[PDB]
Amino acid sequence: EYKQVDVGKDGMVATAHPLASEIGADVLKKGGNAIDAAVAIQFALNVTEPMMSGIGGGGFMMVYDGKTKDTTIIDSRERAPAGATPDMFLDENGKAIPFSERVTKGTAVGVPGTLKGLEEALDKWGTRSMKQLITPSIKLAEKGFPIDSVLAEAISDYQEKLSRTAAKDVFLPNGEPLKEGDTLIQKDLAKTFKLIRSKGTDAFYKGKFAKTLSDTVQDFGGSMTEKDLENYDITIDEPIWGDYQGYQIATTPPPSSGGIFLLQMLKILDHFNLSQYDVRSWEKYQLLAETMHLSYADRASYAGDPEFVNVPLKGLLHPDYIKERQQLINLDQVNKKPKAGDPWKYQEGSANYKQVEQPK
């Protein structure tokens, strides 16, 4: 069996799938570093947890370099194609296409970054080639593995959308979902990984795969071209740092909302000395809920890709701004109309965008 807590003297791996953790650990055991292991783990999870991540998507990889002592982020978040438009998720009446329908459309497909990110990570810090690191996943894709509970639940839940594409041949063989613990074989994906191993990431971003990917997006109504794939590159992002209870915290900046609002909620909540309240007390949950409403409101108003929009980071994290927000919170009463604050009173400039409420 496998453990959900472990200790070690010479390293550690934690992932959502035991086969991926085993592959990451083997890289470390064989003299690889944490970046080599992470790259191998991503390929492994692409195969063994296929609903959740892979070369069809994008991610944020934070790396502390033990040599240089620097922390940087490989940002492989997907890009909208050149043919994307502001109103592309609206119907003819200018109203939002229902989310459940929106999700299955070719217009939803971002230019994938994950593979470019892995290539970058290896360029920067790798001591094992992508050929070495992708090999365990080639074997898992080609030869198969028996499906875990979280996977078998996914296939059942999502049968409708899988049935309308090529995915049906993998996950719904003979027209029905695979069960626990049936064997999942991914021959085409294995072939793709082999192409990447032999040709490098051009097997993905150029040539016949790139043509097939873009034609398929277009078949499903999206605008992605081979040029969009050829143009794609990752971004190296500088972490945003905060102080909390004697710790320095390195977290992710825009185009992620996570770092700003993690720091903002910690700064708001730090004021309340939560440990004075029992960990299961209504007081604690109240303070958490009220803080979330305020921060999530600011997120909806002010966060986006910083290559494009002026995110008021200075204002949102200004200690006097934090003070204003905390003052809006009571134990005894709930804000029924929580709204974004005005971080612009605590920094220079103004938004190059409007305040537009999203439906639901």
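One rule holds for the numbers: they count along the sequence shown, beginning at 1.
* 345-353 versus 20-28: which one carries the higher mean Cα B factor per the record? -> Of 345-353 and 20-28, the stretch with the higher C-alpha B-factor average is 345-353.
* Asked: Mean C-alpha B factor from the entry: is it higher for 332-340 or for 9-17?
  -> Comparing 332-340 with 9-17, the higher mean C-alpha B-factor belongs to 332-340.
* Out of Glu120, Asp182, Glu78, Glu142, which shows the largest CA B-factor listed in the entry? -> If I rank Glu120, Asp182, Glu78, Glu142 by C-alpha B-factor, first place goes to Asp182.
* Hey, out of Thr235, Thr201, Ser281, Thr216, whose CA B-factor is highest in the deposited coordinates? -> Checking the PDB record, the top C-alpha B-factor among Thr235, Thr201, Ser281, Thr216 is at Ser281.
* **For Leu151, the third of its chain into which the C-alpha B factor falls** => Top third by C-alpha B-factor.
* Taking the values exactly as deposited, rank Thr291 by C-alpha B-factor within its chain and report the matching third: lowest, middle or highest. => It belongs to the middle third of the chain when residues are ordered by C-alpha B-factor.
* Taking the values exactly as deposited, rank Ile74 by C-alpha B-factor within its chain and report the matching third: lowest, middle or highest. => CA B-factor rank for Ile74: lowest third.
* Asked: Ranked by Cα temperature factor within the chain, is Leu90 in the lowest third, the middle third or the highest third?
  -> Middle third of the chain for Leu90's C-alpha B-factor.
* If you rank every modelled residue in this chain by C-alpha B factor, which third holds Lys206: lowest, middle or highest? -> Its C-alpha B-factor belongs to the middle third of this chain's values.
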